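Structure record follows, encoded as structure tokens.
Quick note: the coordinates plus some simple rules give every number you see, no bench work behind them. Heads up, the Cβs are rebuilt from the backbone with ideal geometry, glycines too, and the neighbour counts pull from every protein chain shown.
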Number of protein chains: 6
Amino acid sequence: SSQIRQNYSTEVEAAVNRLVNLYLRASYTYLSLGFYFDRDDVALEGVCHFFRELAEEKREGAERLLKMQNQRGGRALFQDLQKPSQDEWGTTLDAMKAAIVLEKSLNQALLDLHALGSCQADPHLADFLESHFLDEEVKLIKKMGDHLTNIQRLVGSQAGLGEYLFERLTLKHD
Amino acid sequence: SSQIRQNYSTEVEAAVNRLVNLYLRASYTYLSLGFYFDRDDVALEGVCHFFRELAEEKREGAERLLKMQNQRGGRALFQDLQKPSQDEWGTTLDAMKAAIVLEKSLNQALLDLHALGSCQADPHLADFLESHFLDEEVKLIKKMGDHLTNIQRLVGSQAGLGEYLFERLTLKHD
Amino acid sequence: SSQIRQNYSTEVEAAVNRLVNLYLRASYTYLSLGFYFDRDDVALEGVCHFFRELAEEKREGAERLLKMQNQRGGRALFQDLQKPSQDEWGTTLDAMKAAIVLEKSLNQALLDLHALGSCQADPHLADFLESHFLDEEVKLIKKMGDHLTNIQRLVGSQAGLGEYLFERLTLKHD
Amino acid sequence: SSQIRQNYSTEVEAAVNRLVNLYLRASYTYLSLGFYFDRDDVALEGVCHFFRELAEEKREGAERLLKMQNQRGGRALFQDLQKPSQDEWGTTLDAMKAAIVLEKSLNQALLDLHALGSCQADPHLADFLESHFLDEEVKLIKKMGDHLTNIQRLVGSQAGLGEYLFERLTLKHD
Amino acid sequence: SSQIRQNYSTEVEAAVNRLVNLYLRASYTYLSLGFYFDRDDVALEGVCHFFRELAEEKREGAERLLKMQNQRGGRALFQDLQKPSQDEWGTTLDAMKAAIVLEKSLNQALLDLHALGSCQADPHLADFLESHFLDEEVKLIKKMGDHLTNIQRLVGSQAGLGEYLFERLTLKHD
Amino acid sequence: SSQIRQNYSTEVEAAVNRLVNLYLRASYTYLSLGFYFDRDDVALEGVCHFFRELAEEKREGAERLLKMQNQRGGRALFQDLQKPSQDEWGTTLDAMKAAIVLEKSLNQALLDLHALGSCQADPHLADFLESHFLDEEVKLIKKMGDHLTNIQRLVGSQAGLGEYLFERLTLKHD
Ligand SMILES: *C1=CC(=O)N(CCNC(=O)c2cccc(O)c2O)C1=O
Ligand SMILES: *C1=CC(=O)N(CCNC(=O)c2cccc(O)c2O)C1=O
Ligand SMILES: *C1=CC(=O)N(CCNC(=O)c2cccc(O)c2O)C1=O
Ligand SMILES: *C1=CC(=O)N(CCNC(=O)c2cccc(O)c2O)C1=O
Ligand SMILES: *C1=CC(=O)N(CCNC(=O)c2cccc(O)c2O)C1=O
Ligand SMILES: *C1=CC(=O)N(CCNC(=O)c2cccc(O)c2O)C1=O
């Protein structure tokens, strides 16, 4: 703004910019996961699709946060997007564990920003997160956990066979 | 879980299990109310329908709570369902008063769990209740109060005639 | 009633109330089974769906029994619903065995009530059970037995893999 | 009520009546703005439409607040509606500045009532405001600010020409 | 204007502004009536709907008057809207009597303005009122009188029963 | 691969990874441009849309490059995405100049990679670029140049008025 800004603290404004960076980094990590599973020597198309769709979801979250920054009169500021933590992601099990770790770290950042906004008596911020992010993250984390249990069930013995079956029979593919 | 659980206190987990029990008990009480009004010596079909639909609503609430328990990584635990407080429910007026008492007790339990979750800095829980339960209860309680006033208006004099008219002209029936 | 009651013994009236309780307890047991399989550390969606649909079927049976109680002029009386026998249900095999045990106990109660009604020369009761319950139970018990054999075939060796395949390829899921 | 009222403080009840008055006063101010721009010596049809639609929006907000007062068992009490602050509203720029001032004052009243309700542990009130008012106000204030910037851009030089172009090319008209 | 004003006296211009105020005050009185009948301790939905629709009709009349003020080149001037005469409105009979009193006072103001305009040889004003207001008021007053007679017929004896029947069987409701 | 890789040099593989980084950096720069023009103190919706659509186009280019990396048996490797060169982007003219600079730098990188691939006798790479990138860049650069000329024509005198008109009459908006 400063023509529209009202009840929007500098602390929240900066934390929103940080959360945009976290969501875009998550979207980048998922881009990397997706194309790893499209390698000809990995070749699990369902897994690739699963992570490519999450890359899109996380970019959308970032964009909603940026829209909101501007609705409140804050200034979007971008930082570098750190490269993902790995160049190769292992098995579907390794990948799904890394994804759940990533999601829990995003969820904690959401929770932290909600607490700041509730502290700052910023109910628009708090409801924004409640309405568009918190349940999306709980639903995604539950789906990931369900996947992890199924993958684990499958790859106790006959790990190859189990990885193929999960990709074929649980994950969406052509 | 414990693979997905995050920011979900044992206190909230137990209170959610208790609230499931309260909703299922309410659904049972409404089952009983419904079939009481289907007796050939009571025979108020609109009233029966009204309570049978509330039995379904309260079971749905319980099921949403149980879904949520699992989304958060808590463990659903069931207790006995206590039989309803009465075997015979009197007149439509008596029944509607009992229903409003029941609803207010469910609403207070919701309010209590919201307070616990807000105390515990559990905004997913608080929003879950706000989004799916609190306004449903306020709307139902208002409808019940509107009914009670109409029933009372009718059964001051000519109590039989008034009970019949309310069932015929206010409540949904075939 | 007592304006409509005809050829409807106190013994049958009480046994019908007991059978309503048994069906509602079975529906509760299936609720518990269903949500157990929705746990993130169990995560067998087909199995959850299978038991949640049986919860609905058993509640419907109870409701038909209650309708019938009132059609005959008897008085519905509700008792407590005892909590299910277990809080955690083990593997799909354990669960399906428990379900078959439960069904056989409901079937025996049906058979017992049919015998009482035939003894009491109550052909409406006997036909009611024949028409709406006995073949439903035989068909369900046969489906359960078919499932049990398939589960057993699968989990002799590679128990995880087999549990996943059964849920994926036999049970209805999204 | 007092048959339905639960967890609804006298402080909130009175503040809701005050907020109804503020919304209806805002709707009146917008009525005046609208018809000012319909004057033959002002004659900016888009601007008239813009303010007449806001008059309707603010009346709708008041009506939702009054519905809610009754849902909670409070008593609606009306006060006079003070005449708008001006009889003539100047240029589109003057008018849009006055509108943003008005909106910010409504938003602050919303924020104030949210704080009271959160203080009073009234989560239905707080969610009611979050769900139906706070983001509507943030979205409207942002649209007004976007308009103000465009109007300002236009009327630096050639103020007549710029006022006409904004009305023609930004605002909805026939 | 003063570019368009022709044959439009200052006396008529001021009386039109006064009549706008009277119509908006009537619309406010009807808002209050409407929400009174939506109270849970009043609870006559047809009556609420009846008065809420009249609130809309009276606002529309005010808006047509304001449009006309501007068509003729007069200047709309707004005054405060006085709060309604009562905070609680009694029975349907009391309310309908108050409404007929209100309508007759609006009708007299219309008649008075018609006389002024005919005196001033302002046939556009006179026809405007004839075409859009006078018969609308006569039709509404007749409907109110028909209602009053029916309410009176009903609440001679068994006043509660009669109030319920009128709302149910005469007034439009869901 | 290395099961599928054929005629695909390490030099091309690395240059493709670099070009992915350049396209994703361009997409990030356009994200920033887009949200700058959505600021309430900038407020040029057409310009925002124009840059947000380019953010999507550049991400799509990166994704096609990554698909191709894997089709050829190379290994995608991601680096950090450097933050954009500016935090605030000035006027539409400044922004469009920065965009043309950015595009020309991407085009040169395409040309450079084409030369490498033609040097390496890698006709699949060369045709891939010819078919999916080179004419897309020439068409975009021409559109940008057409825009720049129009913006310049407009903001010689009356820079505000001209910026508004270009956004309104050239760029796609709601
Ligand atoms: C330090 C600031 C402060 O007041 N405090 C509380 C903020 N509130 C919450 O974290 C919270 C969480 C969930 C629901 C609520 O309604 C709620 O207030 C701090 O953290
Ligand atoms: C004891 C725990 C605590 O902090 N305290 C406050 C919890 N907050 C609320 O009850 C409440 C109610 C409605 C809206 C809110 O935003 C809100 O924080 C306790 O009860
Ligand atoms: C004790 C009461 C009595 O008479 N006796 C027989 C009831 N009949 C049956 O059990 C039966 C079962 C299946 C078909 C029939 O037609 C039928 O009579 C007792 O159990
Ligand atoms: C004085 C009453 C009180 O407890 N205190 C806090 C009320 N809470 C908030 O204002 C608030 C704002 C935004 C989100 C929340 O969750 C929240 O509790 C007072 O103002
Ligand atoms: C004082 C002004 C004047 O001339 N006089 C008459 C106005 N005319 C009427 O009141 C009237 C009413 C109905 C139909 C007509 O055609 C008509 O002229 C005054 O009141
Ligand atoms: C150094 C490698 C080499 O041979 N040399 C030529 C590559 N060819 C081209 O750059 C080119 C450009 C456009 C169309 C062609 O058909 C074509 O060969 C080097 O740069």
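Remarks
- When the criteria are applied in full, residue E:36 fails the requirement of being hydroxyl-bearing (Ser, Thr, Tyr), within 20 Å of residue D:52 (Cα to Cα), touching a residue at least 24 places away in the same chain (Cβ under 8 Å) and not in a loop (DSSP other than H, G, I, E, B).
- Unmet criterion (only one of (1) under 18 Å from the mean Cα position of the chain (by Cα); (2) under 16 Å from residue F:37 (Cβ atoms); (3) charged (D, E, K, R)) for residue F:172: (1)
- Scope segment C:39-56; condition free of Cβ contacts under 8 Å to residues at least 24 places away in the same chain and closer than 30 Å to residue C:124 by Cβ; matching residues: C:53
- Scanning segment D:59-101 for residues that are under 16 Å from the mean Cα position of the chain (by Cα), assigned to a helix (DSSP H, G or I) and farther than 16 Å from residue D:146 by Cα returns D:59, D:60, D:61, D:62, D:63, D:64, D:65, D:66.
- Selection over segment B:79-103 of residues that are surrounded by fewer than 21 Cβ atoms within 10 Å (Cβ to Cβ) and closer than 28 Å to residue B:10 by Cβ gives a count of 3.
- Filter result for residue B:46 (touching an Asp or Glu at 6+ places or on another chain (Cβ under 7 Å) and not in a helix (DSSP H, G or I)): no
- Condition check for residue D:156: surrounded by fewer than 22 Cβ atoms within 10 Å (Cβ to Cβ), at the interface with chain F (Cβ under 8 Å from one of its Cβ atoms) and of a type in the set (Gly, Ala, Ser): yes
- Evaluation of residue B:26 against (1) over 19 Å from residue C:77 (Cα atoms); (2) under 20 Å from the mean Cα position of the chain (by Cα); (3) crowded, with 23+ Cβ neighbours inside 10 Å (one fails), failing number: (1)
- Residues in segment D:1-49 that are small (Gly, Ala, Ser) and either over 27 Å from residue E:88 (Cα atoms) or within 14 Å of chain B (Cβ to nearest Cβ) (or both): D:1, D:2, D:9, D:32, D:34, D:43, D:46.
- Breaking point among (1) facing another protein chain (nearest Cβ under 7 Å); (2) more than 24 Å from the chain's Cα centre (by Cα), for residue A:164: (1)
Yes/no per residue for (1) in contact with a strand residue (DSSP E or B) (Cβ under 7 Å, 6 or more places away or on another chain); (2) within 14 Å of chain D (Cβ to nearest Cβ); (3) more than 25 Å from residue E:42 (Cα to Cα); (4) within 16 Å of ligand 4 (Cβ to nearest atom):
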site: E:60; (1), (2), (3), (4): no, yes, yes, no
site: E:70; (1), (2), (3), (4): no, yes, yes, no
site: E:75; (1), (2), (3), (4): no, yes, yes, no
site: E:88; (1), (2), (3), (4): no, yes, no, no
site: E:91; (1), (2), (3), (4): no, no, no, no
site: E:100; (1), (2), (3), (4): no, no, no, no
site: E:110; (1), (2), (3), (4): no, no, yes, no
site: E:126; (1), (2), (3), (4): no, no, yes, no
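- Put simply, of A:102, A:111, A:116, A:129 the only residue that is among the aliphatic types (A, V, I, L, M) and in contact with an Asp or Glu (Cβ under 7 Å, 6 or more places away or on another chain) is A:116.
- The residue list C:98, C:115 contains one member that is away from ligand 6 (no atom under 16 Å from the Cβ) and over 20 Å from residue C:56 (Cα atoms), which is C:115.
- For segment D:130-153, the candidate set comprises residues that are surrounded by fewer than 21 Cβ atoms within 10 Å (Cβ to Cβ) and over 30 Å from residue F:164 (Cα atoms); within that set, the residue that is farthest from ligand 6 (Cβ to nearest atom) is D:132.
- Leading residue by the ranking (nearest to the other protein chains (Cβ to nearest Cβ)) among those in segment A:112-121 that are touching a residue at least 60 places away in the same chain (Cβ under 8 Å) and surrounded by fewer than 22 Cβ atoms within 10 Å (Cβ to Cβ): A:121
- Of the numbered criteria (1) more than 7 Å from every other protein chain (Cβ to nearest Cβ); (2) acidic (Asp, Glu); (3) part of a helix (DSSP H, G or I), the one residue B:130 fails is (1).
- Every listed requirement among (1) within 9 Å of ligand 5 (Cβ to nearest atom); (2) over 18 Å from residue E:69 (Cβ atoms) is met by residue E:126 save one, (2).
- All positions within segment F:1-33 that are aromatic (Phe, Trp, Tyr) and not in a helix (DSSP H, G or I): F:8
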